[PDB]
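# What would the 3D arrangement of this be:
(8 chains)
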Amino acid sequence: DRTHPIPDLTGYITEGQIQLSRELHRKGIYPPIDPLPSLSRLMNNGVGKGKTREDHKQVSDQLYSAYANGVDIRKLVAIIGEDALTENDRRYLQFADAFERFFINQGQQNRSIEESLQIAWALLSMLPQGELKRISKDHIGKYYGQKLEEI
Amino acid sequence: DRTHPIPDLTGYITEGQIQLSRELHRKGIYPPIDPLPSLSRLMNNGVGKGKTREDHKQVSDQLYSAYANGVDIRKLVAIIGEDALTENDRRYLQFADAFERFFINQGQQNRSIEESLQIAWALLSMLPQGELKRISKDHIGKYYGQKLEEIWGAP
Amino acid sequence: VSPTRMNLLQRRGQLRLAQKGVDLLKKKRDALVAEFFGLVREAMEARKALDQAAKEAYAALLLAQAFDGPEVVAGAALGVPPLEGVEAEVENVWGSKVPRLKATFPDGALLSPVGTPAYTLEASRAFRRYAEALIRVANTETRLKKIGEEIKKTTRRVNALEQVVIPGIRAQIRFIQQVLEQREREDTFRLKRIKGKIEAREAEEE
Amino acid sequence: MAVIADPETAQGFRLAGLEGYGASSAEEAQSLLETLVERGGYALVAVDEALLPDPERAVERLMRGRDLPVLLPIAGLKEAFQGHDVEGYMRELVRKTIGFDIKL
Amino acid sequence: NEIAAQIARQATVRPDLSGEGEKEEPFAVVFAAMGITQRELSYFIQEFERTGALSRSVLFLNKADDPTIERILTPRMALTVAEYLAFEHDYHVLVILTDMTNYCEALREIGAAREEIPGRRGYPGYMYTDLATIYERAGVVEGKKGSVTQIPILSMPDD
Amino acid sequence: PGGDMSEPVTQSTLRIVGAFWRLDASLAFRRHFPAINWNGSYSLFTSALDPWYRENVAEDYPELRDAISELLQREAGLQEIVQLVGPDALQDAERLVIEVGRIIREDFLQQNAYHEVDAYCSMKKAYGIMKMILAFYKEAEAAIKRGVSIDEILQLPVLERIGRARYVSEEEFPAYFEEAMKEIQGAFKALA
Amino acid sequence: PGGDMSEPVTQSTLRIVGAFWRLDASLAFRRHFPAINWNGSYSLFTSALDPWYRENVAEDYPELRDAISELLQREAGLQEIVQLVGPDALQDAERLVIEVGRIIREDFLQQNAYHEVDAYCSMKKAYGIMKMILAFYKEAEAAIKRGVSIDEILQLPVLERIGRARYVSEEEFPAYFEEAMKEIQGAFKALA
Amino acid sequence: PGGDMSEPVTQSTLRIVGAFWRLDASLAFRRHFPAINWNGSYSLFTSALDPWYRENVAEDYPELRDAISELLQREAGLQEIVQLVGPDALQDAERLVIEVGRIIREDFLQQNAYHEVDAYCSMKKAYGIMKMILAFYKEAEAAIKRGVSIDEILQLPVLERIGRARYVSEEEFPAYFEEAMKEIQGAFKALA
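Numbers count the residues shown, from 1 in each chain, chains lettered A, B, ... in the order given. The coordinates are given below.
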């Protein structure tokens, strides 16, 4: 219960939270961190030009907005058949599942920030341009190069 | 409500229950005892040979399963219709009707255990042999085939 | 919904109704699926019969225009009238109406009962069987598609129930339960507090 | 009735009281069958699978409100020799109508 | 508040339909505000002076920055004046009590300061009798012409 | 308070009274009076009164009352199917029961208190109304057994007589009843 | 406490304030900021301010505002439908409503608080953006009426123009707005 | 009180115990004993207990256990279609995984407490049975990929043999296991 007094009152004092999901644990994922209900308030002071790579904040934003659509498309696929789709709903289901299976489920290994961003761009590349309307046009011309065939 | 404290603690302490139902009551059935949510927790130890007849337990189990099936089929026929059901399903339907009209609705009579088993077997015989999957073959050969006679020509 | 005891019991009634309706819909779907798999076999059989009956008309039309006259067939086709007696019968299958072809299609009532060419005669008898088998395939496949539509409709309904209504009712129920427990706890704290207060005051006056 | 096939068989269907035609192009077929159905004086049609496999992606947009003229695919001149694969069509129909690959 | 002001502006009896009586003298509005805010009070006063009904209206204002325990007296004073006017000078009075929720707040406060046994949600146990001593001061009397008509306004807390 | 049937006073009363008449807010909102919730009410005197009824009202009154109660219970059973599949999906053998439920609920139970002739109602009047309602039901069921569609049954002009029944005065009522009975018989034997 | 609006402080505040800006967690879980639930909020001041808008923003500003609000209300209504049947089970009008609703709430209601430009937005800017969105809606509606499908509507190039309108600075927004009206007109006029 | 795991005592218990063996009634209804549901249950001692297994049982025991667990997961993640259509209409690999799930939950998990040999089992017996089942599943998968049908494979004479390993004594198990693995390899060359 996220509304029980303990996590509730703790939520008003801290600067964010990392919430764990029981579904990802059932699926075998580890560390089962589901990114929607999680938050980090102080993130913007620590990332950006001259602190991490330049594309950090916008990559995060676009990744978040893309994964959020996959969850709800995958939700309605569970009511009506998986037949009702377009070219792009296939894209979003595929992105959501590849996300849960490669970005989150990292195992016990220690990834730097650079290879983390590399995986993130490889996961965004399996969407066309134009849908990535959260990032600007320049560093997508810069970083759209690698695709996920690197595992 | 079966979550009110009184029936809740009584369920903690006792060994089962006999649930009366409003539906059987309003349909003119007495005593309106509802077999599906009722349960006796120490029944297995007091039935069988040396205590009652040796077919008691399996007969009760078969009656229970057949009644549940018939009830659900009665709910389904309202949307599908009796012409679109298999033959065994129509049998189950007619069995459930005769069950709640002869077995349950007994009135103010005093039935012994042998007469109760008679009526039970007469009802089970409405179904086809071979659908009776909880009873063993010997009991079938020994009691199956009896027809409703004492229940309509005799009180 | 206002949180009370009456509302709570009503929500529990609703949840029980929903589950006992889910299983009923599942059983209806099972019967539909039986009908569907019974139909598909005869449908592919009628399609095979059509396939084989196509070879007869094909054989008749190949050597007719080739071995016999190439233009006599065109003349006879322009001669024989077309069909406008193709009225279609209405049919209901599981509470919905589908068409059923009942084309009149006479046999001897049309032009040239026994006529001049040798292959144009027997060929005209072959497209008879061609059309008949074709309309049989039509009548079976239309009902097949209808039953499939009803099956996917029932599936959609079942999933809608089991993943939208039941969780919503469970959440409502637990919220109401929390409210009621909270109020009971508040009132008992208040009672204990007043009891102790008056007892302290009375021990003061003894 | 009607059939959009090779005109070489369409004349046989003419012999069979059923007008037919075609020009071996999907585009003209799906264009003038619009008129054909707006001139919907017939109970059914037939079309070779080659000109278009599924006549619905052609006519469903106009077959709203009406259901009497039914559309179904038929084999063509090429398949008449080699034959048809009934199972391919039946399986590709059942897969969509029930949502799974079945009967293996 | 808009509905109440509209009713007050438009209300009238129809004696051509009953046939009896032909006087059609207007109502005299008694208006009691308990815990009213400046916004709603401004709206009410401007509406009343627009329709020209201040010359025959009595007002008992208890704003939200006024003391709370005063609200125990406002309804009783308003209804005393209303009863007097009606059953002594044959007026037809229309009483508008602008918020009873605030009255119940003040009641609960003074009751819990005194440490009684509280009722359903802390509200005192005598709230029914207390509200009845206010509402039941209305109606028409045998052998007199006046009348007292009440339109309480309350705000269901969570709808 | 709050219309809560789980307060302590209503519970204390439930275990003392012999009859219990339950009002419901839904039928009350709809202006449908007496607004007695049939599902939750009951009476414990219905057995000890049967002699008085058989001697003072009509020899077969208990059986008619029991038939009506069984019909209402069956209709309440079908409501749980209607609520999830819709009323137009039932077999006509079931739409008949739902429609007879509607007819009973709005032509027998519902009663006008301000009408100078439906305010009070005798007991032989109620006997007659029940008798002809269930007579029509039995006939229309026999009809559906013969492939009669359900919709044309719901258009027979005798339903207006059955609806106007409860506005007939107590001394006019016997003629109205003896006419409506033969009319209901004819509404089916004549179509043949 | 639980985000529950029935708690005493909230219920006591709602009786004295003039506006009630309700936040929502669901809008913040998908990174839609400022995450205000436009269905549950209200404002009692909006009427006294119209004589100010008519002189200081535009004479027809209230009409724009009311039309935008009505569009949001309609899409909120019919999305409950689309939840169970998907967007293909509803006609082209509802599809257009849904797409314009997405456009409204992703190009007008959202506001990046950390962007060097988007963080602050004037009134003329908001008027211009509402005007663009409504112009496109009317044009696309006439078009879908006269026989263009939805896909060429969604593949238009002017949508990228409307989408980036909030990132254009204040002092150069008027020229962008004039050009954008030009293009909204010309992408449909050259589209017959 | 009635099986709700959310009550305070169960919630307080689940915060300190390391394993939660979930007995179930439905399993006992279909004569599956001991009625432990392998879906709700869980344990937290495995990760710490791996080395004792790697030393005292075998060097690949954790891998075999992971394989059996994933196989059961696949089998259970497929119950919707097999309830919709039935087993005998499935594909090849799906029918294979269904039958292997059955072989598992009928020859490995199930145990007869009244039998005079199966009542107890060593660890090496369990390891041997798991290795047998994994070998058979590998061979069956390769054969079905090769072109054999399932109906031959379900009639192989070694199914009754692998289904009989529950009832062999602890002394006569090792040689039994060796020859059974030999035969499992053997029937494969017939499949190729």
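# Residue E:23 and residue E:90, how far apart?
From residue E:23 across to residue E:90, the span is 10 Å (Cβ to Cβ, to the nearest Å). C-betas here are computed from N, CA, C, even on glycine.
# ok, those two, which is more surrounded?
Taking neighbours as other Cβ atoms under 10 Å in any protein chain shown, residue E:23 and residue E:90 compare with residue E:90 leading, 12 against 8.
# Residue in chain E with the shortest distance to chain A?
residue E:158 (17.3 Å; Cβ to the nearest Cβ).
# again with chain D
residue D:99 (5.2 Å).
# I'd say that residue and residue C:156 touch.
No. Applying Cβ atoms under 8 Å as the test, residue D:99 and residue C:156 come out as separate, 10.5 Å apart.
# okay but the residue of chain E closest to chain A is in contact with residue G:12, surely?
No. Contact status for residue E:158 versus residue G:12: not in contact, 11.7 Å apart, counting by Cβ under 8 Å.
# still on that earlier bit, where do the contact lists of residue D:99 and residue C:156 overlap?
Among the neighbours of residue D:99, those also in contact with residue C:156 (Cβ atoms under 8 Å, 6 or more residues apart in numbering or on different chains) are residue A:81.
# Can you list the neighbours in contact with the longest helix anywhere in chain F?
In chain F, assigned by DSSP state H, the helix with the most residues is helix F:61-85. Counting contacts by Cβ under 8 Å, 6+ apart, the residues outside helix F:61-85 that touch it are B:23, B:26-28, B:75, B:78-79, C:17-18, C:20-21, C:24-25, C:161, F:38-39, F:46, F:50, F:53-54, F:90, F:94, F:97-98, F:100-101, F:104, F:127, F:130-131, F:133-134, F:137.
# what distance separates that helix from the centre of its chain?
Relative to its chain's centre, helix F:61-85 lies at 10 Å (Cα atoms, centre = their mean, to the nearest Å).
# Pull out the buried residues from it.
For helix F:61-85, a neighbour-count test (16 or more other Cβ atoms under 10 Å in any protein chain shown) marks F:61-62, F:64-65, F:67-69, F:71-75, F:77-78, F:80-82, F:84-85 as buried.
# repeat for stretch A:61-71
A:62-63, A:65-71.
# Next SSE downstream of the lengthiest helix in chain C?
Taking DSSP H as the criterion, chain C has its longest helix at helix C:5-67. Moving toward the C-terminus from helix C:5-67, the next helix or strand (DSSP states H and E) is helix C:72-79.
# For residue A:47, which non-adjacent residue is spatially closest?
Spatial nearest neighbour of residue A:47, excluding adjacent residues (Cβ to Cβ, 6 or more residues apart in numbering or on different chains): residue A:56 at 4.4 Å.
# show me what contacts the one you found?
Contacts of residue A:56 (Cβ under 8 Å, 6+ apart): A:47-48, A:117.
# Check residue A:19 too.
Contacts of residue A:19 (Cβ under 8 Å, 6+ apart): A:2, A:33-34, A:37-38.
# now residue C:163
So residue C:163 contacts A:78-79 (Cβ under 8 Å, 6+ apart).
# Can you give the contact residues for the helix or strand containing residue A:117?
Assessed by DSSP H and E, residue A:117 sits inside helix A:113-125. For helix A:113-125, the surrounding residues in contact (Cβ under 8 Å, 6+ apart) are A:52-53, A:55-56, A:59, A:62-63, A:66, A:95, A:98-99, A:102-103, A:111, A:132, A:143-144, A:146-148, A:150.
# What are the buried residues along that helix?
With the criterion 16+ other Cβ under 10 Å, helix A:113-125 contains buried residues A:117-125.
# same thing with stretch F:145-165?
F:150, F:153, F:156, F:158-159, F:161-162, F:165.
# so which of the residues you listed comes closest to chain C?
residue F:150 (13.1 Å).
# OK, now which residue of chain F is nearest to chain G?
residue F:84 (14.0 Å).
# so how far is residue B:89 from that residue?
21 Å.
# all helices of chain F, in order?
F:8-14, F:25-29, F:50-56, F:61-85, F:92-104, F:123-144, F:150-153, F:158-164, F:173-189.
# Next: chain E.
Counting by DSSP H, the helices of chain E are E:2-10, E:15-18, E:38-51, E:74-89, E:100-112, E:127-135.
# ok, which residues in chain F are in contact with chain E?
Residues of chain F lying near chain E by Cβ under 8 Å from any Cβ of the partner chain: residue F:1.
# again, only using 10 Å
F:1-2 (Cβ under 10 Å from any Cβ of the partner chain).
# how about the residues of chain F near chain B?
F:6, F:39-40, F:42, F:63, F:66-67, F:69-70, F:72-74, F:76-78, F:80-82, F:85, F:89-94, F:97.
# how about the CA coordinates for stretch A:48-66, as CSV?
Extracted as CSV, the C-alpha positions of stretch A:48-66 are listed here (Å, rounded to 0.1, in the frame of the first residue of the first chain):
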residue,chain,number,x,y,z
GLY,A,48,23.7,18.0,-17.9
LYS,A,49,26.4,19.8,-19.8
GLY,A,50,29.7,19.6,-18.0
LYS,A,51,28.5,17.3,-15.3
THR,A,52,27.5,14.2,-17.3
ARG,A,53,27.0,13.9,-21.1
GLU,A,54,24.9,16.6,-22.7
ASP,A,55,22.0,14.4,-23.7
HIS,A,56,21.2,13.0,-20.3
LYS,A,57,18.1,14.9,-19.3
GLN,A,58,16.4,14.7,-22.7
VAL,A,59,17.2,11.0,-23.1
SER,A,60,15.6,10.4,-19.7
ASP,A,61,12.5,12.4,-20.6
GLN,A,62,12.0,10.7,-24.0
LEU,A,63,12.7,7.3,-22.6
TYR,A,64,10.1,7.9,-19.9
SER,A,65,7.4,9.2,-22.2
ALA,A,66,8.0,6.3,-24.6
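# Pick out the residue of chain A closest to chain C.
residue A:79 (4.7 Å).
# Now do the contacts for residue D:18.
By Cβ atoms under 10 Å, 6 or more residues apart in numbering or on different chains, the contact list for residue D:18 reads C:82-83, C:86, C:127, C:130-131, C:134, D:1-3, D:10, D:12, D:42, D:44-46.
# again, 7 Å this time
By Cβ atoms under 7 Å, 6 or more residues apart in numbering or on different chains, the contact list for residue D:18 reads C:82-83, C:131, D:1-3.
# Residue C:205: neighbouring residues, count only.
If you count neighbours by other Cβ under 10 Å, residue C:205 ends up with 5.
# and if you look at residue C:116?
Other residues lying near residue C:116 total 10 when counted by other Cβ under 10 Å.
# quick one, strands of chain D?
Secondary structure of chain D by DSSP state E: the strands cover D:44-48, D:70-74.
# quick one: which helix or strand includes the residue most central in space within chain C?
Chain C has residue C:150 as the residue nearest its centroid, 1.2 Å off, counting by Cα atoms, centre = their mean. Here residue C:150, judged by DSSP H and E, is contained in helix C:119-160.
# Residue A:67 now?
helix A:56-76.
# What sits closest to the residue of chain D closest to chain A if chain neighbours are left out?
Closest residue in space to residue D:99, ignoring its immediate chain neighbours: residue A:81 at 5.2 Å, by Cβ to Cβ, 6+ apart.
# ok, now residue D:17?
residue C:83 (3.9 Å).
# quick one, what contacts the one residue in chain D that gets nearest to chain C?
Of all residues in chain D, residue D:97 sits closest to chain C, at 3.1 Å by Cβ to the nearest Cβ. By Cβ under 7 Å, 6+ apart, the contact set of residue D:97 is C:145, C:148, C:152.
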